[PDB]
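**Student:** Below: one structure in structure tokens.
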Number of protein chains: 4
Amino acid sequence: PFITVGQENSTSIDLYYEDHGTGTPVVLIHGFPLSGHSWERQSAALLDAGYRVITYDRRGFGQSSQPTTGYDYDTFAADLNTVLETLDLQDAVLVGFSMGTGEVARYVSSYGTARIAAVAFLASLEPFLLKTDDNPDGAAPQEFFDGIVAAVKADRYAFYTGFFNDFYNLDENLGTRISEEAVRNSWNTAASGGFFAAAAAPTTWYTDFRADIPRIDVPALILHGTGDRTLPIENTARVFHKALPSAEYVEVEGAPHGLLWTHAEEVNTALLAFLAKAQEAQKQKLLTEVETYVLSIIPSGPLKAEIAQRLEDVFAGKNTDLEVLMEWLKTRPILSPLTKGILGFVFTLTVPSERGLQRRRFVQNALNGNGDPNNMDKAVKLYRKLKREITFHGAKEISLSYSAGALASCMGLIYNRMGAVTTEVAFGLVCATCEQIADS
Amino acid sequence: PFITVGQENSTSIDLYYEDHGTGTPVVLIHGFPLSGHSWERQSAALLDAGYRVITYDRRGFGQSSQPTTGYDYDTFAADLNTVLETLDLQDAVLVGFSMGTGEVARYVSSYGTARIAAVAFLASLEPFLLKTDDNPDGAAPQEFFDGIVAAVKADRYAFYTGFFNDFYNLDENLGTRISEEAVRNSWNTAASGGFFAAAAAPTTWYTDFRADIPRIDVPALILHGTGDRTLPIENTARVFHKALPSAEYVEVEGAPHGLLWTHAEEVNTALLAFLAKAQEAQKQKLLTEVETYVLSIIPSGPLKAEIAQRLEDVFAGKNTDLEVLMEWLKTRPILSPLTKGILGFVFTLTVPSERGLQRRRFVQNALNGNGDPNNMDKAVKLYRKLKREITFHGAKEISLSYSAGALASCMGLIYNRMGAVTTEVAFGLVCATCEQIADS
Amino acid sequence: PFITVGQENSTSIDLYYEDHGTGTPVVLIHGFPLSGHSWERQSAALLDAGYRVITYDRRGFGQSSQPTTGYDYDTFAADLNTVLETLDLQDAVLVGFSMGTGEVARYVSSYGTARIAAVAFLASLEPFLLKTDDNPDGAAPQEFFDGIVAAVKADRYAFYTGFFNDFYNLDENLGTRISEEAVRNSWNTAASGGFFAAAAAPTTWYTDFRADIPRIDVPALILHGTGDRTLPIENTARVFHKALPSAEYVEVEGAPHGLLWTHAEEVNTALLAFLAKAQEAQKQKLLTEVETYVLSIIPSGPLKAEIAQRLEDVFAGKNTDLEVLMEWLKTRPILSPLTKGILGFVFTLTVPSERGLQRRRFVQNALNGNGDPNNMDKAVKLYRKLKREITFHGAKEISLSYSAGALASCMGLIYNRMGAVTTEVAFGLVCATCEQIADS
Amino acid sequence: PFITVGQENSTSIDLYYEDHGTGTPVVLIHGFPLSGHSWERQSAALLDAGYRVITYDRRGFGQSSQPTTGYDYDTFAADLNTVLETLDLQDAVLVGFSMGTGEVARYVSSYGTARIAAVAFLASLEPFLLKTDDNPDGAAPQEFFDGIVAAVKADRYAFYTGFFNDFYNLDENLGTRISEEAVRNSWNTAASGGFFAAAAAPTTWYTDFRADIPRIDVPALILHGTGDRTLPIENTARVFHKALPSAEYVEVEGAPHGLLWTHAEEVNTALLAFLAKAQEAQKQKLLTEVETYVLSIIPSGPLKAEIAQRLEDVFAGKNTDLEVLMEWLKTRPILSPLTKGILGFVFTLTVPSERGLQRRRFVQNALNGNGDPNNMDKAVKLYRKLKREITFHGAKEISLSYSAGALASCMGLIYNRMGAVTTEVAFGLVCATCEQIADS
């Protein structure tokens, strides 16, 4: 897949991207001289964990175009911006590794956090690697960077191997943390990046990111390997945390620069922990909106009290015996059969485990649109549109344009697995139904 | 409800009819001076037994028009003909009581048995009640009938009560077999028939039905009350059986003329027994056609042998554990998931008892039309048409005009109870599907 | 008269109904095993009282069709729905007696109260007939109900007799409140209902309506006979009133189940009271609504206060000299010409007596849409639609879709009697106009 | 080149494919973890042999997109379907290697063989990979398969190395059959497939295809290496051939899994043999079909026998002097002018060499549709449709919808080279004509 970010000469600039999974969007920004593919260990864990995963290759790397222009953090941040806006990502998590942490700071700083839920910095450049009279801490003098440039220009090919020696602590980590062949692929990935980008990248490393830091307004994670040869933990990791006290700080004991590949297990653990805090927070707000809509159709009373606890407890994660819950609903005197079907649907959808329970006749009968062909016809039409929706509100908005009979029939269609939509879109459907019924 | 059979003066002649239930059509032809309503005991048992029940009131009686014309068995038979043809009854059972047995003989005799599966004669007129030199047996001389006519013309109202005394053996049966109030209603029903019809009916009683008898080509039942004052068993019941040896003969020990109301339990028993022989015979032919279609999609082999026994055993009525059957199908190596869904559907439909088993996920998934909205759209369209069908072939014919995806989706729709059709129509749907698949 | 509600085999299902009188529509829903004719004592008082009276026979009873299907409250509710929609009843009063009270709760609960002004429950089933471990209230265990079914099978005819005495407390009430002849007619009516219907009705009695009750937003009346054997007052009457405290309650001291025929005087009094009170209750609220809209276009001041004081007085019924009122408006410095036209219109419409006065020149000139043909064209179009609406809000909603010029012209059209609409539809028209003008 | 098969989040899924050569279409479906490029030894022989060659990369491999969805044989079958339908392949040969043999069985089983002439299975998965109590045949228990998955997670890179040796029997085959460089390329190809794809592929290996096998109606080839570690020949190879006895079987003595690159000579021989044999097999059957249609219009006689003897001889390949044949036809007393035109056309079409002869005047005159513009108009319309059909029956079916005049004119159009269609489509045209004429 490609996203066009600009034009050079007669040929556009295209950034290779792959997007995976469903759920809260997590964008991974790779390090030098690798590509989106370097995050495979991170990607597999995020997919299992239930998160949308977006990866892209920075201009000059992996499968993106190889212009001879735009090697700067402003351009790189603008490249990121185009990706975000192209995909209309909201409530996204931005995770940068090495060079990628420069993108995360600069984007947040310049563009703001409206689409952004949280950020994570792994093996960070921050704050400022250039060692200057104004700031003593920065790791190396300018002469040192000038050094690398010269080395890459002399030989990209030997140079990648040299970076690998530094990058992975191969004397320490070979044959242990990772196989050599896996390492060999990384050289192949680097050899595959543009010749111009290879020599121009090292000049972006000593960008001063100190100004950007005060901007971050969203929860952050800082993660560094204490055995980091490439980016000394003290110069950046020690310093950055002091600049952003609030963000949780994790140190990976004796991890080299290449923690994710060498130390993917430690990285995933640390990252998923930090992400879980931001994920569960908006997960609850998803549950809460659903609950008000669901409660709106129930008559006020003690039963409405019992139901609310069930909505809240399963929502909070207490795995309940759906079989027990369903029998209770089924036998409740107060509820209308329609109401019981809606609740029946909600519970099976939200309960942690269905425990292989067969669908319930009381629900199938309640959500069948009176077996009316016109209701069913419209329900099938709605379903088609819902398959294209990805948010709760978009789903709820389109659903409200349908009659209650058609909405109930659509719910039965999903309930019975004759069709499938994402969870949040299903919530929007049942909420539009509740809204229509309550309004009656 | 009315069916127009003719014209008198400026006003048409309309026969009041009510049709009930679903299944093999059973037409009940009442006796004098009552209406279709007199068969309530017969009707309730036939409805529970699962038979379509058609009743109508003979011209001049109950709620039909009261012309001053057409009191003959040719007209009455032609009236019956119009009803049969109006409703397009096929494989019908004709049951006549008293006067109604004249309709059954004359219709069969003149029109043939193409729409007719079996006949039943209760408290029959047959063969010939007129006592003549040519036939000694006939119960009374002409002078006797002439008698009744004269009596009805003098007083319809007293006369009905007199008929009731004879009709029910009230000295024997009052306060025992039936309450007086129920008897009182019968007088009300009679008082409600036309004045002209009341006096003209008795003249049709000594119609010679001997010629008609040789025509009957369908299984018959003859049932008579040995305490029949109104139609002496020997003159008609004894004689008729000799004329039609083949038909089963049942004698209701000490039952009066009004066996059905007085003796509804004995009547129902006897009638349902005779009907069961004719019902089960075409019931099997319904199962057999379904089986060939179902078998046509299974690969030839030992499995196809195991499946056939299941089709045949459940079809023959051996209540099988559907849960056991379904698990077996589910775990069968040979069957395609589609094939297993079709069989899954067939078995749940034909098994005597489902034993409150939840619908199966393997079947729901197999019959979901790939969750495709166009398949579902067409399936809903087919369903609408199928709701209007009442036969296996009509259903199968319309179904074959739909694609396999739409047919499978329609089956899932019925399977999941999102819609409902009659059993034979559902068989036509699954058979059209098998036919389409086999042809592929 | 008949209204078709469905199809049974080859026949339709038709409900016999009667339309009488003019005025606010009152629909009477009879009890078992009687028909719309059983309300004759109530119907006569209502006609005298000036209320349109709609009666119908439930399927299986009196002169309606006698299918062998549809005997459930959902079916009963839907049958009622068809009647309401067929006749386009708005601001209707629904009165149910015994079984009929199940229809009232069901119709209100499922379909809402848009066509409904008030409900009345006489000798009510609710909330629950059944006696279960969950509920103290229920009158009897299931087995007795099953037995009543059983009694019908043995004797519909004979059964009616025992049922009538309990229904009327004949030992207490014969020869005083109720004549033998009156009772005889009731038996005849019952004997005339469908045989299938009589045995299927008793199964609908223990339907659970408790969930249903919370639904109603329209003033209700609960009326029960303290001597009612058929539906024990305390078991149902005490229970229902507790479930719906707001609705007015009347206990008829020592009245049996069959109270209205025996106790027609008490019934009429209670019913006519409830109707007159609920009517004036909605008239006053309706009047208040009109005043805010009318006042919204007037400038704050003494004149506005006068309109406020004057409106309120005529609204409260103080017959004012319209001639004096009109001259005052006409000569008001504060009043806009359009306001005088609007106020002029309002006053002539609401004043008790116009005293044969004349349409004001200013109103004629103020409400002429500037004599513009397009305004007049749209006003005629609006008028057509308004003739179809009996509700203040329906009228106001459709009116707001028209321009002010067209609305003013429409008002002139009504003012000048070139067209006619109900009063509350005329109020909606003048209110839409005020709303449009105020918004400008 | 790419073919889009679906959508994943914001991106489409594109399958990289290659189209080469001309002639009968042969589609090659690669094995894990390689790409369409792995068939290079086979592709070259086929091009020399004169067969169009279609290769594509399964999603997640070589140059196709790398979604995180769709890795199941139903998905694989549907991906293949899109390719076939996109290119409008007819009379195609499907050749699968390892994983690719799952596609061949799945496509044939679900979609049928309408576009398919023959199938070939090399180093096949089928019937069942899994070892279960039900089946002796399965190679391994589930846990080992789960473990292989586990290996991929630990090292995709390092994993490929061990896998390659088993795949190629490198201890046996290195430096002889297979070069180190060739092996290195294979590792590079695998390292290039999607990270998600590598771990998800092994789960599709134990798919059960036994039910699937019964489906095929098209000649098959089964080819296995007796030294194949990856897919034990006896466990799968012995089992599959027993399941499909009719299909030709070849065992490659001591060939590993990776046989074609090592054993390209044996592979080419076997494949080119199967292709040439299956082609002549369908040519002969096709030839026989043409003869019955052609003979159907001739009068019984010596001339008919000559057409029968002559047709058969040219059909069998005896190159006859068309000039001599044409003069004979031309001068035949028995032959109709139309028959000479039809036979004339058939002979020039089927004779091995036309020897630069000329279109017959009689054929030109016999096949001119009487020079009628409407015939010619329809013939041009038919021609357009025929250009789209590569199948004798598809051509014959569409042709039969045209009148004889139009059909004869169309034949003249082709005869005269004013238009061109395939040979088997031309046969369908002349056969539809014969059918129409014979029916007259």
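Residue positions begin at 1 at the first shown residue.
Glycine is treated like the rest: Cβ placed from N, Cα and C.
When I checked Swiss-Prot for this same protein, it listed these features:
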type     : residues : note
ACT_SITE : B:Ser98  : active site
ACT_SITE : B:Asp228 : active site
ACT_SITE : B:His257 : active site
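Sharing the feature lines straight out of the PDB entry:
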type   : residues  : note
SEQADV : B:278-285 : linker
**Student:** Between B:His257 (active site) and B:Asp228 (active site), how far is it from one CA atom to the other, in Å?
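**Tutor:** Cα-Cα distance, B:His257 (active site) to B:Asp228 (active site): 5 Å.
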**Student:** Could you measure between B:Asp228 (active site) and B:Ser98 (active site) for me? Cα positions, answer in whole angstrom.
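**Tutor:** So the Cα of B:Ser98 (active site) lies 11 Å away from that of B:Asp228 (active site).
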**Student:** In the linker (B:278-285), how many residues does DSSP call helix, how many strand, and how many coil?
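**Tutor:** Split into helix, strand and coil, the linker (B:278-285) gives 8 helix, 0 strand, 0 coil.
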**Student:** Name, in the order they occur in the sequence, the residues of the same chain whose CB lies under 8 A from the CB of B:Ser98 (active site) and which sit 6 or more residues away.
**Tutor:** B:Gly31, B:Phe32, B:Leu122, B:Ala123, B:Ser124, B:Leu125, B:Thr230, B:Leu231, B:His257
**Student:** Helix, strand or coil for B:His257 (active site)? Use DSSP.
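**Tutor:** Assignment for B:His257 (active site) reads coil.
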**Student:** Across all chains shown, how many C-beta atoms besides its own are within 10 angstroms of the C-beta of B:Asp228 (active site)?
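**Tutor:** Neighbour count, Cβ to Cβ under the 10 Å cut-off: 26.
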**Student:** For B:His257 (active site), list the number of other Cβ atoms lying within 10 Å of its Cβ atom.
**Tutor:** 24
